[PDB]
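Below: the structure, in structure tokens.
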Amino acid sequence: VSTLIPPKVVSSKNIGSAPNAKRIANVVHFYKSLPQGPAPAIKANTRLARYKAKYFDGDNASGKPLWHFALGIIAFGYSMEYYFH
Amino acid sequence: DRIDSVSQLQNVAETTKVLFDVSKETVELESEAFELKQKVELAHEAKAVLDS
């Protein structure tokens with residue numbers, strides 16, 4: 001008999017139902033987000049970090065470190081091969 | 001797309017202000033029309049009876 005008032009009732013529930021769950025999921029991660037490679041930490045030195053940076057990095061990612069390890073184990077084992085036989 | 005949808009609440013309240021005001025205003029301003037209806041009916045009856 002009178003005029004009910006829909007057009008300003010969105011205060012109680014934000015428009016949409018499915019994207020409401022994703023709103024909180026995607027709005028919160030943008031605060032603590034790296035602008036462009038912040039704190040890359042590409043430089044380190046712990047007597048083995050240089051080897052990791054030079055060979056164990058994703059830029060090369062080749063089979064050369066495995067061959068170097070094989071050569072090193074051969075060099076180490078030559079001495080005890082002489083010692084045993 | 002949500003941004004585009006929410007862009008349309010920006011100024012709805014300002015217009016619906018006057019909308020909700022004038023809605024009830026005009027709906028209740030027919031009281032003078034209701035008071036004029038009985039006078040018009042009395043006038044119609046008077047003209048009809050003297051025509052009779």
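By convention here, the chains of the structure tokens are called A, B, ... in the order presented, each chain's residues are numbered starting at 1, and ligands are numbered starting at 1 in the order presented.
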Subject >> Long-range neighbours of residue 3 (chain A) as a list in words, 12 Å cut-off, only C-alpha atoms, 6 positions minimum in chain >> reply: residues 19, 20, 21, 22, 23, 24, 25 and 27 of chain B
Residues of chain A in alpha helix (DSSP H), written as a tab-separated table (two decimals) with C-alpha atoms, in the first residue's frame:
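Once written, selection-v2.tsv looks like this:
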chain	number	residue	atom	x	y	z
A	18	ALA	CA	30.11	-15.58	-4.69
A	19	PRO	CA	32.68	-12.75	-5.19
A	20	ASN	CA	32.18	-11.63	-1.58
A	21	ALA	CA	34.32	-14.53	-0.36
A	22	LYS	CA	36.99	-13.74	-2.95
A	23	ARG	CA	37.01	-10.04	-2.00
A	24	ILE	CA	38.60	-10.68	1.40
A	25	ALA	CA	40.81	-13.37	-0.16
A	26	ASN	CA	42.29	-11.04	-2.80
A	27	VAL	CA	42.28	-7.67	-1.01
A	49	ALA	CA	76.54	-19.85	-1.24
A	50	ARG	CA	78.87	-18.89	-4.10
A	51	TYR	CA	78.60	-22.40	-5.54
A	52	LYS	CA	74.80	-22.28	-5.26
A	53	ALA	CA	74.66	-18.90	-7.00
A	54	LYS	CA	77.04	-19.88	-9.80
A	64	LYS	CA	77.39	-29.48	-15.58
A	65	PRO	CA	77.29	-29.56	-11.72
A	66	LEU	CA	76.59	-33.31	-11.84
A	67	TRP	CA	79.60	-33.88	-14.10
A	68	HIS	CA	81.75	-31.71	-11.82
A	69	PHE	CA	80.59	-33.75	-8.82
A	70	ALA	CA	81.46	-36.97	-10.68
A	71	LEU	CA	84.93	-35.62	-11.50
A	72	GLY	CA	85.43	-34.61	-7.88
A	73	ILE	CA	84.39	-38.02	-6.57
A	74	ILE	CA	86.74	-39.67	-9.09
A	75	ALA	CA	89.60	-37.48	-7.87
A	76	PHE	CA	88.77	-38.27	-4.24
A	77	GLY	CA	88.50	-42.00	-4.92
A	78	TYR	CA	91.74	-42.29	-6.89
A	79	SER	CA	93.77	-42.02	-3.67
A	80	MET	CA	91.93	-44.81	-1.86
A	81	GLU	CA	91.89	-46.89	-5.04
A	82	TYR	CA	95.68	-46.70	-4.87
A	83	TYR	CA	95.57	-47.40	-1.12
A	84	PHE	CA	93.38	-50.51	-1.44
Subject >> Contact set, chain A to chain B: 12 Å, only C-alpha atoms, as number ranges by chain >> reply: A: 1-11, 14-20, 22-23
Subject >> Separation of CA of residue 32 (chain B) from CA of residue 46 (chain B) in Å >> reply: 21.1 Å
